[PDB]
């Protein structure tokens, strides 16, 4: 996160840090608790990931320093990538992790509500992007979970800023005209959380942008409300 500040412990209790153990253990991406066995994250996070066996999901974390060999985590039973996903910049950048065990909810770890199709008309005015990603394009993973308040930008405006792309209605953009606050490398898959009528909603999934926090380059997020049918379908037992 560029231009953000340190979070208060547990103020984003749906935020997880997804680690890979290969070759050695490191933070890979953000994600969001949306169900007792379910993390919603970005498909692009799994480039070159051939097995869920190398993944570990840590909940209730503020500082990466909390994570040691003796720290408890959730194993991943299954990675579900949207069947139309090819790459972040073409959309469908959404994935589910089915956990091996269930999350016991508490003040530090609880699920975020999905957006309602009826809130499509809502103007979200209190939106935050969070993560342990870079503070600049070439940097490193940050210890303390960072937050930045960023305004949503219309898809018409977003399209103006990305003339070489198609910004679709399945994407949502957020950024300041002058830049300065944005997601960056390592924030991928985490939430764009918007508080509306005293309820936090998972409006976006951190996906891509050209650089980080540049002027006239809004961050591009997966528009979660366009995938609530897909999420429902994929989270049913069979």
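Residue numbers count along the first chain shown, from 1.
Annotation for 143-151 versus 111-119: the higher mean temperature factor (C-alpha) is found in 111-119. Stretches 161-169 and 92-100 differ in mean CA B factor, with 161-169 having the higher one. The entry assigns its greatest Cα B factor, within the set 38, 208, 176, 58, to 176. Comparing the C-alpha B-factors of 32, 188, 63, 51 in the entry, the top value falls on 51. Annotation for residue 85: C-alpha temperature factor in the middle third relative to the rest of the modelled chain, per the entry. When all modelled residues of the chain are sorted by CA temperature factor, residue 72 is found within the middle third. The entry lists a Cα temperature factor for residue 124 that places it in the highest third of the chain's modelled residues.
Residue-level temperature factors show residue 199 in the highest third of its chain, judged at the C-alpha atom.
The deposited CA B-factor of residue 8 belongs to the middle third of values across its chain.
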